[PDB]
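Working notes, structure below.
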Amino acid sequence: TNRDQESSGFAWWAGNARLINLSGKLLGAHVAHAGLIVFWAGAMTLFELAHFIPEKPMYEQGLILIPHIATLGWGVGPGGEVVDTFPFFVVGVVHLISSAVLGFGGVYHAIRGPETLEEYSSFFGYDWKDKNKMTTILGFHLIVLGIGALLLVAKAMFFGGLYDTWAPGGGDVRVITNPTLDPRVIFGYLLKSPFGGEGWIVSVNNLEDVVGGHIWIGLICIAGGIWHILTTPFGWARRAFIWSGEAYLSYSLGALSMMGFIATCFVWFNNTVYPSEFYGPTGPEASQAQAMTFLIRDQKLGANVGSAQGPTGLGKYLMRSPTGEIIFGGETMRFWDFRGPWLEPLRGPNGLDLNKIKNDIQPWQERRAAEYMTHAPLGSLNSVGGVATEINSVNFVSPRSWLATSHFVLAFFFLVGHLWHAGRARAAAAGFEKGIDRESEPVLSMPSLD
Amino acid sequence: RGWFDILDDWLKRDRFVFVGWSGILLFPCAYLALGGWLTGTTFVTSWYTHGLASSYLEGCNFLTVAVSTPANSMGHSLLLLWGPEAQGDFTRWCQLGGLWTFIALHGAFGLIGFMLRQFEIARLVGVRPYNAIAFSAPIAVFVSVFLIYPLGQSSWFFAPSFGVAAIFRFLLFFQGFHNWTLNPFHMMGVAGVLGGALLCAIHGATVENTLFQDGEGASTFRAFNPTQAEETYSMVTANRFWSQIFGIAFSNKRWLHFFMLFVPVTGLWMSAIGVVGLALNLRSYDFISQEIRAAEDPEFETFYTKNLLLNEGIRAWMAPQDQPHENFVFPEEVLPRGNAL
Amino acid sequence: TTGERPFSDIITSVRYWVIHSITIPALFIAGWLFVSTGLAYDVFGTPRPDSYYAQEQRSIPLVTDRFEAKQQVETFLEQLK
Amino acid sequence: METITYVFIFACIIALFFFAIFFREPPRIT
Amino acid sequence: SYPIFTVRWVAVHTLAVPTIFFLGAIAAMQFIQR
Amino acid sequence: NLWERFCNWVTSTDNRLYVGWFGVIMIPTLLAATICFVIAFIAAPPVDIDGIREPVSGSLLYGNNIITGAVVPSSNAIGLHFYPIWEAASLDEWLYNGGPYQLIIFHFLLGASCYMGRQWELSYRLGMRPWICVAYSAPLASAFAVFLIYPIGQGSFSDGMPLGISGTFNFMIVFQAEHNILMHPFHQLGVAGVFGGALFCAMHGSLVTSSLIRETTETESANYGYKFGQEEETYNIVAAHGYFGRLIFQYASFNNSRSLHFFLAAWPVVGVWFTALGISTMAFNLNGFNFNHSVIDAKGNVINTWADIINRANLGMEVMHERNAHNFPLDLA
Amino acid sequence: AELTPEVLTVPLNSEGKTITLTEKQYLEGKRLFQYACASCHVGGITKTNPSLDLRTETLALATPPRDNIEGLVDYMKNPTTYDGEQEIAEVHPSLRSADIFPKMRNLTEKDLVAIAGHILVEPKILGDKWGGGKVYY
Ligand code: CLA
Ligand code: CLA
Ligand code: CLA
Ligand code: CLA
Ligand code: CLA
Ligand SMILES: CC1=C(/C=C/C(C)=C/C=C/C(C)=C/C=C/C=C(C)/C=C/C=C(C)/C=C/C2=C(C)CCCC2(C)C)C(C)(C)CCC1
Ligand SMILES: CC1=C(/C=C/C(C)=C/C=C/C(C)=C/C=C/C=C(C)/C=C/C=C(C)/C=C/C2=C(C)CCCC2(C)C)C(C)(C)CCC1
Ligand SMILES: CC1=C(/C=C/C(C)=C/C=C/C(C)=C/C=C/C=C(C)/C=C/C=C(C)/C=C/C2=C(C)CCCC2(C)C)C(C)(C)CCC1
Ligand code: OEX
Ligand SMILES: [Cl-]
Ligand SMILES: [Cl-]
Ligand SMILES: [Fe+2]
């Protein structure tokens, strides 16, 4: 049965390693785990909805899943205001039911179905060292991922659109009719620097680029899936990789760690696919909002904000970036690359325009600045809003903080897991994962260093 | 045989819990110290000694409970229950901080009993007593910090209170008032502690990654026999690995394990010496040349001068509440602060 | 190995649970009633939530003399806590 | 003279690093 | 066969009896209102 | 074939220091970072770290000593912008804005990641088990947290840890002021990791030294009783297990040396993993526990705790840190 | 010290009439304050304008006086500047600007009375801590 240490070589704390060469039970483990994921999605959505106050902003209510559905244009109107709550309920309920179905399948294949799929079928039975079968399964899953990307495209283009925080008038659910299919624009994001001002693919700032990139990634994933169904790994690929289950797991672990770090930076910096109406302001957004708020207040009191000198000699409200752009002064000089829909009407060719600052600041911009200043993504582990020195009065930690922290923890641990499994796959393929053979110790056959 | 020999035979009998002659000192004192800490953090306030809530009964959590030190006006009183301050009143004794002196003294004699236990068991089983010698460093730390440091100061009040957030207060107090990070003895202590953690991790990983294959199971923990005569890992392979990775490597196992003894013990002893220096307020607070230059030149700035400004902030902003016996009334206009914030 | 019954043999015995389904809840109830009747406040001198301050005071009852500290605490408690 | 002292001690440490790595006692298996 | 009251019994109960008493006390504390 | 000969030299186990391909990346980056660090620590001009035209002197030639000297982080005006030498108009502008810090930290992070990879590589070439690099991933994660991840979360490389002793102390104190790291459970796990690592290091060393088998006289050192490459164990693990099992109780003592050494590896590595994650999660401003004004009496008066005293100390550091850099009431980043 | 009815007695209007809030009224007032006002008025200070606070003396010197229940409820309905010359409902939460400040949409007059009572009672409990800022933390 391979369910003890003696017959399998693995202790109980590595007991899932007993599933490596048992395709049916491994499939059961995977399907049950997918059921767990869908279960969390549905149950968490229903939990969030049950404690959802529609007239309070989503980022004040500890919501991470409802903002995702809102970003898809479901249940929201202009300005991010919730107009209907039933789409959130539908998403949660359908995930809960589908998770029951997936849990049934996982349990069946894990404890009742055949332990190996090779005798039952040749289509579903696989060997880890059969490279063509591995590429065939990879191709099937690439086609599925491409269809998912095209499903996002279909939602954006034909099924109501997406929430656009950059939409003219204040942000609204908009149908994307002209996606950016230009490969220079799309693949210019991939060759952009990850550093300040550039920000790589995290810096995508319009839904047209998002939909065009998703068209490209859906078509590329479908094409690569067909490629791997039709082809076999080449000689350089066969010589460059370890071909085993733990090796493929380690490759996926490295990929997932990289994706986790990317998602952390995406939720921390991007306010386009993570609109600040739903997720709250970013840190740069909140700092710029504080500078804007006190600029407005002192300008109302009569200060000449263009000529006001701070304690150090720099501009108290307005200064210059290292490349000359007129930016907000103070420590928020670090955040001068921030772009937001509430701040862009005041920005001219040379940065913040003094004339627009003096007479074009509207009350909605001031309300947005005050709201984003007082909902900065700073909070305690017990969810006390503000800096670490604040007193207990405000129950607030930003969803951006929760998502970024959790996915950095997960991405780092998955990098560690990738290192573990990559080293172990190399050692097991080379044949010394269980230790050094006493009779054939390699170092004893090597010349001395000195 | 005699009553002494029969009693010695009983005390040294093999049990689940060894007692020994040292047990008579260890088990009462250690049990009372632990029970006093739990009793204090569960039921006893600091309202009359510090003006603080410090028990679960007052609504504090595990991080914020403490058995606080006695009030400053008590001085270095032993604060015995029958002593002239409490006069046998257990309730007043708890309210006056007598539980702190109870825990501190019972803990000191419990640590003495534990090192005597180490010596006694080492003598009984026939091993060298290097564990007691290693345990001298925690005893030195406890004596320097909880006994020598308040004895140098005005009272028991400035000793650490037995609690998590109270110990954090002790850390921040030493930063603000002593500049304890700048003290080279504390630097040697940090070096010893972090080097001991490094040596622990690196030696464990090196042993686990140079194991001989002594079994067919993938989980290698089964392959070790406690009574086997052979080494369970390859010292030659480990030496070559670290020689080619780091440049230098251990080649003597006995020297390796003595070094693992030596590093954190020496670090803790150096930090205890520094704590005695701080008991007399003999701080490594300032570099005189940098002070002279910064005083005569308002453009000279280092991270050390910034740390001094931070220490001034710590002292001014925490002194009225951390030292309520001084009756510090600092008006808002005398508080040092930067622009805005 | 030391001549005592193993813990697994004891805590899986019915006799142990016959004793301890009585003794463990009795101690739990004893501690619960020690708090809920207010005996802990009297034994340890811990202020009740209405006992930190007199109604109009904001100063803290800090002891300032070593040998009359008991009298100072009794004076502080006499001032309607 | 203080800067010279610090740099001199650091340089002696680096020289000791060189001698400890490349002119060590060679570990001989026995 | 096995003696019931030993040194181990004494150590175990001197740790366990006040532990359950204190756990009951703190559990009662959780419902205290100001 | 020349490329085959170069590959054989690079992966050779007969080199005095192993190179490997992780080494062909590691050696130039670490040499560049080391040379730039020594030159900057000795002779760099003062650096405007806060971006407020108040340069901080960090090198020995400009009035520092070993304790107070540092390589000062790049300017707050730079923020997260990439600032190589060729992006400056001159070297004097590059030195004024803190370019050496960026060069050193980027080269050091690349070199240290390749050091981890090189540890794996040599373990693979020698037929070892491969997880020494996993143990080294904990200090590497700590270095990434303090040099890269905290600047990324705060939005400026000026908030990264300075390359010096007193600058490190400044980093610690300001971090406690703004994030209450002491009250964060991940840092408490890290303190448990390092304290336990020192404890178990001293414990394992003292237990092995205690149980050393007599192979010498009182005249000679006990270390000469061990010979390099001997098959027999130099100490009696049964005697040490008997001692430690009588010290606490028997089942608290390891009798398996492999399990014991795995525990020695695992405790500080997991603790330092959690404290590096603590620094990263406070970089995204998920701060330590806030218990300020948590204990409230019947009337509503605040009853102070030790957390409130910590809050007073944190307030002192907060109001005094970067005393000229703030124009607005909230220190958002 | 307890939450006595003498503590919960605050001036109702500018004439001199007073109102004794119940303990439940004070608790609901504090809850509503945390729900709608505390993100900028935590502890009695004003985050987006620290020159003004919620101390009783500052509210008394406001035009019209805001150191009573009726004045505070009127401010919650029609907020003005400190001298009362300019209406600021477009940038301050109010019953009239509940469209743009949605947390004011379901606030009854009894809720406004509870918030006003909490604002007027908290200085009497906290001393200089209310509207005093980080100096008094
Ligand atoms: C996502 C988590 C997950 C999943 C999917 C699995 C799945 C599996 N593990 Mg496993 N495992 C896990 C976590 C998980 N494990 C953890 C955390 C540990 C460490 C403690 C282990 C330790 C471990 C060991 C030591 C072994 C396995 C084995 C197995 C396989 C056979 C199970 C078996 O025979 O159980 C039999 C058990 C039962 C029949 C008891 C009932 C269990 C059912 C499934 C519970 C279902 C509950 C659910 C509410 C039902 C919903 C139904 C509804 C949808 C209609 C199976 C594929 C074995 C293996 O490799 O097989 C060769 C094996 O030896 N595991
Ligand atoms: C998709 C990801 C993935 C997959 C499929 C695997 C699969 C596997 N891993 Mg692996 N691993 C991963 C990620 C993954 N890992 C990551 C991210 C790390 C880094 C932490 C590791 C580190 C790791 C080690 C160190 C080892 C494995 C091993 C194994 C094998 C046996 C596992 C087993 O039985 O677990 C049994 C499960 C448990 C014992 C439970 C662990 C409990 C976790 C650590 C606590 C979770 C805390 C929770 C999230 C938060 C609190 C919850 C609350 C209850 C308190 C199996 C092939 C073993 C191996 O090499 O076998 C060949 C092995 O020794 N893994
Ligand atoms: C990754 C998922 C996955 C995979 C690879 C398999 C694979 C297999 N299952 Mg299995 N199963 C699954 C999920 C899965 N199942 C789930 C979720 C359930 C619960 C309903 C079951 C219940 C189940 C039973 C009861 C039995 C199997 C059997 C089998 C084997 C033969 C099936 C066959 O010939 O299909 C032939 C092909 C078809 C029937 C076509 C089906 C078309 C589907 C319904 C359309 C799905 C659309 C889309 C791709 C799904 C997206 C889902 C996503 C949104 C979550 C094969 C090894 C049989 C077996 O092992 O017998 C020995 C068997 O008796 N399965
Ligand atoms: C989940 C996705 C996935 C996975 C796992 C694979 C897996 C594989 N593919 Mg593949 N492929 C995919 C999607 C995927 N494919 C798609 C969508 C397409 C269509 C565009 C292709 C098209 C494709 C072709 C045309 C070929 C493969 C090949 C291979 C095999 C060798 C991989 C290899 O050495 O590359 C590792 C990567 C390299 C060797 C490139 C050099 C490494 C550089 C320096 C890395 C630079 C990136 C760096 C990390 C920075 C990131 C940012 C950057 C993008 C700017 C392997 C089985 C080969 C094969 O054997 O075919 C049968 C092959 O010739 N793939
Ligand atoms: C053997 C273990 C042990 C040890 C070393 C200590 C040690 C101590 N306890 Mg302690 N204690 C113990 C067990 C122990 N305790 C137990 C089991 C209990 C529970 C009953 C207590 C309960 C307890 C309380 C409640 C208090 C202490 C306190 C103290 C400290 C001061 C005691 C003192 O001055 O008396 C010194 C007395 C002696 C050394 C005895 C002298 C014996 C010699 C032979 C002389 C005998 C003379 C003659 C035969 C009889 C007297 C003559 C007559 C005229 C009076 C001291 C550090 C006090 C404290 O911590 O203050 C903060 C305190 O208040 N203890
Ligand atoms: C193999 C194995 C395992 C695992 C398992 C799993 C993982 C499973 C899964 C499972 C699952 C995954 C399940 C699920 C289920 C679900 C269900 C059964 C559901 C149902 C639902 C309902 C009933 C609904 C309801 C409702 C609605 C309609 C709406 C409103 C609300 C409510 C909720 C009421 C373990 C680890 C134990 C170990 C051993 C073996
Ligand atoms: C614009 C846009 C977009 C798009 C994007 C895209 C289109 C992407 C793609 C991307 C891609 C296309 C990617 C790729 C990547 C790659 C990688 C990640 C690689 C890796 C590699 C490896 C891992 C290798 C390795 C190696 C070496 C180095 C040497 C030898 C050995 C081996 C082989 C191992 C989106 C959707 C966002 C939306 C928004 C906008
Ligand atoms: C002072 C005094 C005394 C003493 C007493 C005693 C000795 C007591 C004891 C007491 C005790 C002896 C108590 C106990 C307690 C305990 C508790 C209260 C516990 C709790 C626990 C828990 C809650 C758990 C936790 C944990 C851990 C730690 C970790 C992780 C996991 C868990 C969560 C499970 C005498 C009379 C002599 C004299 C007078 C004075
Ligand atoms: O740069 Mn370095 O330390 Ca982070 O918080 Mn904002 O920025 Mn500044 O103040 Mn606080
Ligand atoms: Cl600073
Ligand atoms: Cl600022
Ligand atoms: Fe060892």
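Residue numbering restarts at 1 for every chain of the structure tokens, chains are lettered A, B, ... in their displayed order, and ligands are numbered from 1 as they appear.
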Given a cut-off of 8 Å, which residues of chain F touch chain A, counting only C-alpha atoms, written out as a compact mmCIF listing (two decimals) with N, CA and C atoms, in the first residue's frame?
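Writing the result to out-v6.txt gives the following:
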# COMPACT_ATOMS: atom_id res chain seq x y z
N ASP F 14 39.43 20.50 -7.81
CA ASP F 14 40.83 20.55 -7.39
C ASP F 14 41.35 21.97 -7.23
N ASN F 15 40.55 22.98 -7.57
CA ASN F 15 40.91 24.36 -7.25
C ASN F 15 40.88 24.57 -5.74
N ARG F 16 41.81 25.40 -5.25
CA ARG F 16 41.89 25.67 -3.82
C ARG F 16 40.62 26.32 -3.30
N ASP F 50 19.03 62.14 3.29
CA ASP F 50 17.63 62.51 3.41
C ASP F 50 17.13 63.33 2.23
N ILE F 52 17.69 66.38 1.68
CA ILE F 52 17.36 67.72 2.16
C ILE F 52 18.60 68.61 2.19
N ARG F 53 19.63 68.25 1.42
CA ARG F 53 20.89 69.00 1.31
C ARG F 53 21.57 69.17 2.66
N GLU F 54 21.53 68.12 3.47
CA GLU F 54 22.24 68.06 4.75
C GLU F 54 23.09 66.80 4.73
N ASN F 76 17.32 60.40 -0.66
CA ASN F 76 15.87 60.25 -0.70
C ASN F 76 15.27 60.86 -1.96
N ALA F 77 15.95 61.86 -2.54
CA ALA F 77 15.53 62.39 -3.83
C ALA F 77 15.63 61.34 -4.93
N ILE F 78 16.61 60.44 -4.84
CA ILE F 78 16.69 59.32 -5.77
C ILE F 78 15.53 58.35 -5.55
N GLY F 79 15.24 58.04 -4.29
CA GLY F 79 14.18 57.08 -4.01
C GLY F 79 14.57 55.68 -4.44
N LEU F 80 13.70 55.05 -5.22
CA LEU F 80 13.95 53.73 -5.77
C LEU F 80 14.57 53.76 -7.15
N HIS F 81 14.92 54.95 -7.65
CA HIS F 81 15.49 55.07 -8.98
C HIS F 81 16.86 54.41 -9.06
N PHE F 82 17.13 53.78 -10.19
CA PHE F 82 18.43 53.17 -10.42
C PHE F 82 19.46 54.25 -10.69
N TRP F 120 25.42 25.19 -3.09
CA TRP F 120 24.75 24.05 -3.72
C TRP F 120 25.67 23.35 -4.72
N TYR F 124 26.97 19.49 -4.73
CA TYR F 124 26.66 18.56 -5.81
C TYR F 124 27.92 17.92 -6.39
N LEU F 126 30.73 17.32 -4.88
CA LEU F 126 31.38 16.45 -3.91
C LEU F 126 30.53 15.25 -3.51
N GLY F 127 29.34 15.10 -4.09
CA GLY F 127 28.48 14.00 -3.72
C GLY F 127 27.80 14.15 -2.38
N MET F 128 27.63 15.38 -1.91
CA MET F 128 26.99 15.65 -0.63
C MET F 128 25.48 15.76 -0.79
N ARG F 129 24.81 15.84 0.34
CA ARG F 129 23.44 16.29 0.37
C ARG F 129 23.41 17.81 0.25
N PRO F 130 22.36 18.38 -0.36
CA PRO F 130 22.47 19.73 -0.93
C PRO F 130 21.96 20.89 -0.08
N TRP F 131 21.60 20.70 1.19
CA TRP F 131 20.78 21.67 1.89
C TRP F 131 21.57 22.59 2.83
N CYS F 133 22.93 25.24 1.54
CA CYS F 133 22.46 26.50 0.96
C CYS F 133 21.10 26.91 1.52
N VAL F 134 20.25 25.95 1.87
CA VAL F 134 18.98 26.26 2.51
C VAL F 134 19.20 26.90 3.87
N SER F 137 20.26 30.40 3.36
CA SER F 137 19.19 31.26 2.87
C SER F 137 18.60 32.16 3.96
N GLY F 153 9.58 48.60 -0.04
CA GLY F 153 8.34 48.90 0.65
C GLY F 153 8.23 50.35 1.08
N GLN F 154 9.33 50.92 1.57
CA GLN F 154 9.30 52.31 1.98
C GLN F 154 9.43 53.29 0.82
N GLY F 155 9.87 52.82 -0.35
CA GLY F 155 9.93 53.66 -1.52
C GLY F 155 11.22 54.41 -1.74
N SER F 156 12.27 54.11 -0.98
CA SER F 156 13.54 54.80 -1.15
C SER F 156 14.66 53.95 -0.59
N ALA F 177 10.97 52.88 16.24
CA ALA F 177 10.09 54.05 16.33
C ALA F 177 8.90 53.93 15.39
N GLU F 178 9.14 53.48 14.16
CA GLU F 178 8.11 53.53 13.14
C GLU F 178 7.31 52.24 12.99
N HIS F 179 7.82 51.11 13.47
CA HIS F 179 7.16 49.83 13.25
C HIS F 179 6.92 49.00 14.51
N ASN F 180 7.47 49.39 15.66
CA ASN F 180 7.38 48.65 16.92
C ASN F 180 7.78 47.18 16.74
N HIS F 184 6.51 42.88 17.52
CA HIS F 184 6.15 42.03 16.38
C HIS F 184 6.52 40.58 16.67
N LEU F 277 11.36 37.70 7.42
CA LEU F 277 9.99 37.95 6.99
C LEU F 277 9.34 39.06 7.80
N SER F 280 10.53 42.28 6.23
CA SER F 280 9.83 42.50 4.97
C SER F 280 8.35 42.88 5.17
N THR F 281 7.68 42.26 6.12
CA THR F 281 6.27 42.56 6.32
C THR F 281 6.06 43.89 7.02
N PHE F 284 6.23 46.45 4.31
CA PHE F 284 4.90 46.81 3.83
C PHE F 284 3.99 47.31 4.96
N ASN F 285 4.59 47.84 6.03
CA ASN F 285 3.92 48.61 7.08
C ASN F 285 2.88 47.80 7.85
N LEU F 286 3.06 46.48 7.92
CA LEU F 286 2.27 45.65 8.83
C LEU F 286 3.08 45.55 10.12
N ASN F 287 2.79 46.45 11.05
CA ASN F 287 3.67 46.72 12.17
C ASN F 287 3.38 45.78 13.34
N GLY F 288 4.18 45.93 14.40
CA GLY F 288 4.00 45.13 15.59
C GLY F 288 2.73 45.48 16.34
N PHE F 289 2.44 44.68 17.36
CA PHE F 289 1.22 44.84 18.14
C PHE F 289 1.12 46.22 18.77
N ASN F 290 -0.05 46.83 18.64
CA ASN F 290 -0.33 48.15 19.20
C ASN F 290 -1.30 47.94 20.36
N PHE F 291 -0.79 48.09 21.58
CA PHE F 291 -1.59 47.97 22.79
C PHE F 291 -1.65 49.29 23.55
N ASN F 292 -1.45 50.40 22.84
CA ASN F 292 -1.53 51.72 23.46
C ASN F 292 -2.98 52.03 23.83
N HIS F 293 -3.18 52.40 25.10
CA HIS F 293 -4.50 52.70 25.67
C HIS F 293 -5.45 51.51 25.58
N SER F 294 -4.91 50.29 25.65
CA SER F 294 -5.75 49.10 25.61
C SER F 294 -6.45 48.85 26.94
N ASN F 311 5.68 52.90 24.14
CA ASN F 311 5.13 53.90 23.24
C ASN F 311 5.74 55.28 23.48
N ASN F 314 9.16 55.13 21.90
CA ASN F 314 8.98 55.17 20.45
C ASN F 314 8.61 56.57 19.98
N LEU F 315 7.80 57.29 20.76
CA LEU F 315 7.46 58.67 20.44
C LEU F 315 8.68 59.57 20.48
N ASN F 324 14.82 67.37 10.28
CA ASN F 324 14.57 68.42 9.31
C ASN F 324 13.81 67.93 8.08
N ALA F 325 13.55 66.63 7.98
CA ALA F 325 13.04 66.06 6.74
C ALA F 325 11.52 66.09 6.62
N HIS F 326 10.79 66.32 7.70
CA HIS F 326 9.34 66.23 7.68
C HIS F 326 8.72 67.63 7.66
N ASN F 327 7.75 67.83 6.77
CA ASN F 327 6.99 69.07 6.71
C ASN F 327 5.54 68.91 7.14
N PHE F 328 5.05 67.68 7.28
CA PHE F 328 3.64 67.38 7.47
C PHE F 328 3.47 66.46 8.67
N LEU F 330 2.01 63.58 9.52
CA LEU F 330 2.10 62.12 9.51
C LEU F 330 3.35 61.67 8.77
N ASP F 331 4.06 60.72 9.37
CA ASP F 331 5.21 60.09 8.74
C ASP F 331 4.74 58.82 8.02
N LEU F 332 4.19 59.04 6.83
CA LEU F 332 3.55 57.95 6.10
C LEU F 332 4.57 56.94 5.57
N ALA F 333 5.75 57.41 5.18
CA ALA F 333 6.81 56.49 4.78
C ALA F 333 8.19 57.07 5.07
Contacts of residue 44 (chain F) within 10 Å, only C-alpha atoms, excl. fewer than 3 positions in-chain, as a PyMOL selection string:
chain F and resi 36-41+47+57-62+70-72+92+95-96+98+100
Residue 353 (chain A): which residues within 8 Å, counting only C-alpha atoms, same-chain residues fewer than 6 positions away excluded, as an MDAnalysis selection string?
chainID A and resid 326 346:347
Contact residues (chain C, partner chain F, 12 Å, only C-alpha atoms) as a list in words:
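Interface list for chain C against chain F: residues 1, 2, 6, 7, 47, 48, 49, 50, 51, 52, 53, 54, 55, 56, 57, 58, 59 and 60 of chain C.
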Take the residues that were just selected and, keeping N, CA and C atoms, output them as a short mmCIF file (atom, residue, chain, number, x, y, z; two decimals), in the first residue's frame.
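Generated file (part-v4.cif):
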data_model
loop_
_atom_site.label_atom_id
_atom_site.label_comp_id
_atom_site.auth_asym_id
_atom_site.auth_seq_id
_atom_site.Cartn_x
_atom_site.Cartn_y
_atom_site.Cartn_z
N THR C 1 11.77 2.97 31.79
CA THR C 1 13.05 2.37 32.13
C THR C 1 13.44 2.62 33.59
N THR C 2 12.80 3.60 34.22
CA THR C 2 13.15 4.04 35.56
C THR C 2 12.27 3.43 36.65
N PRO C 6 4.65 4.02 32.31
CA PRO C 6 4.73 5.03 31.24
C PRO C 6 3.50 5.92 31.20
N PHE C 7 3.70 7.17 30.79
CA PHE C 7 2.61 8.14 30.73
C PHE C 7 1.52 7.71 29.76
N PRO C 47 -6.38 46.34 42.12
CA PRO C 47 -7.53 47.23 42.00
C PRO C 47 -8.58 46.68 41.04
N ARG C 48 -9.84 46.88 41.41
CA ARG C 48 -10.96 46.65 40.52
C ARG C 48 -11.01 47.77 39.48
N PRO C 49 -11.73 47.57 38.37
CA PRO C 49 -11.82 48.64 37.36
C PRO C 49 -12.36 49.97 37.87
N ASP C 50 -13.14 49.97 38.95
CA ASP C 50 -13.58 51.20 39.59
C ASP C 50 -12.70 51.59 40.78
N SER C 51 -11.47 51.07 40.86
CA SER C 51 -10.65 51.25 42.05
C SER C 51 -9.27 51.82 41.76
N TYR C 52 -8.98 52.22 40.52
CA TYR C 52 -7.68 52.83 40.25
C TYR C 52 -7.63 54.27 40.75
N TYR C 53 -8.72 55.00 40.60
CA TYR C 53 -8.77 56.41 40.92
C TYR C 53 -9.97 56.71 41.80
N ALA C 54 -9.81 57.71 42.67
CA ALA C 54 -10.97 58.42 43.18
C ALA C 54 -11.66 59.13 42.03
N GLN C 55 -12.96 59.41 42.22
CA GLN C 55 -13.85 59.82 41.13
C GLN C 55 -13.33 61.03 40.36
N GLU C 56 -12.70 61.98 41.05
CA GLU C 56 -12.25 63.22 40.42
C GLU C 56 -10.73 63.35 40.34
N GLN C 57 -9.97 62.32 40.71
CA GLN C 57 -8.52 62.42 40.72
C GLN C 57 -7.92 61.84 39.44
N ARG C 58 -6.75 62.37 39.08
CA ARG C 58 -5.96 61.82 37.98
C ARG C 58 -4.52 61.55 38.38
N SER C 59 -4.15 61.78 39.63
CA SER C 59 -2.83 61.42 40.11
C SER C 59 -2.78 59.93 40.46
N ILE C 60 -1.56 59.39 40.52
CA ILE C 60 -1.36 57.96 40.70
C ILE C 60 -0.88 57.68 42.13
#
When you look at residue 156 (chain B) with a cut-off of 7 Å (counting only C-alpha atoms), what residues show up, excluding the ones that are within fewer than 4 positions of it in the same chain? I need them as a PyMOL selection string.
chain B and resi 69-70+72+75-76+150
Between CA of residue 367 (chain A) and CA of residue 348 (chain A) - distance in Å to one decimal
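Here the two named atoms are 21.6 Å from each other.
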Residues contacting ligand 4 - anything with an atom at most 10 Å away, using only C-alpha atoms and all ligand atoms - can you give me those as a PyMOL selection string?
chain A and resi 131-132+134-136+138-139+141-143+145-146+187-193+200+217-241+243+248+251-252+255+258
Write out as a list in words every residue belonging to chain B that has an atom at most 8 Å from any atom of chain C, counting only C-alpha atoms.
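Contact residues on the first chain: residues 14, 15, 16, 43, 44, 45, 47, 48, 49, 50, 51, 57, 58, 71, 72, 73, 74, 75, 84, 85, 86, 90, 91, 92, 94, 95, 96, 324 and 325 of chain B.
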All residues having an atom within 6 Å of ligand 3 (only C-alpha atoms and all ligand atoms) as a list in words
residues 31, 101, 102, 104, 105, 113, 117 and 124 of chain A
